[PDB]
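What follows is a single chain, given as structure tokens, in the form deposited in one PDB entry.
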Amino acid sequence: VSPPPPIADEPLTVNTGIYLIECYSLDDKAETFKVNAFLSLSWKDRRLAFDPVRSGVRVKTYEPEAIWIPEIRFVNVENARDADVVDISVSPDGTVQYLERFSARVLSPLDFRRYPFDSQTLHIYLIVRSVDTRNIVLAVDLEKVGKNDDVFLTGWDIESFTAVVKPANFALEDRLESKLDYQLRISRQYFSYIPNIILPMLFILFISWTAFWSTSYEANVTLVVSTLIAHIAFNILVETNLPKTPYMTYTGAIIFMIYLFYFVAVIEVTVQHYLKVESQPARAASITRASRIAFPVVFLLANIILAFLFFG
């Protein structure tokens, strides 16, 4: 009904804590995920002190109405959280214990520079706005922060869930506010990507490379163009999931390199046929024999260079 008046000027410290229950629906395109957890609060209020001997009880229970509760809201959320108070208890000295279960959808950017083998950090921000009669700051209760063992994200491994102890005090709208930061660290499960994506593309490229052992123009044209169509289909399948980014990713570079290799192979086949028609088989044979070794070596060198550029 009214914030607790201070002694002279001291700030009011609120101890927080989040305990995860469920996290799910991590969207790569929209960069959002859904959470379901607890929220714990604690502060000091001398107006609610009591005598245990005379009252005969050691703990009091209050309804959320007719009692002062600080307004704490999240920053990076789509809407207000769906809250329902669980318990409120008061110690004889005046300490208030608060508990609540909520659910919300959080906004957090992602980095896809190493998309198949990347790790991400997810942030949840809590903020409290100071009242004009009292300054309020936040604190972290490390004993009440954690997660259940049944929590799971489909396709991700959860590593740690911590909080930054130092709040960030800044002045906004002619008022001072404090902000905490909870970080959830995850890594992507990349096992399924290898046999489903990587190896078939290598097989198709190797199949297309068999045009350097034949001298029939029509068969080479058929092989190369059909393998190109298959590559286009696989590119459609791959890009159906990865969103557009303003920077260069590993997978996009690999795909562009494959396209360039297909173009160069078509050029080589055309040159060989054109030379063969002119009754100059020696040059065509030399070019074909050179290309047979040239293509895989350059492919492996380029792959090594890209792997060092993006991961080293």
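A residue's number is simply how far along the shown sequence it sits, counting from 1. For clarity, a rigid core is taken as the largest C-alpha set superposing within 1.5 Å between two forms.
Per the records, residue 44 is modelled in every other compared entry, just as the shown structure includes it, so no third of them leave it out. Looking at the other PDB entries for this protein, residue 70 is present in the model in all of those that include the residues around it, rather than absent from a third.
Not pictured, yet referred to below: the form deposited in another entry.
Comparing C-alpha positions between this form and the one not shown after a rigid core fit, one residue in 194, 172, 219, 229 moves 2 angstroms or more. It is 172. The two forms, fitted on the rigid core, differ between this form and the one not shown by less than 2 Å at the CA of residue 265. Here residue 38 counts as shifted, since its C-alpha moves by at least 2 Å between this form and the one not shown after the core is aligned. Once the cores line up, the CA of residue 62 ends up 2 angstroms or more apart between this form and the one not shown.
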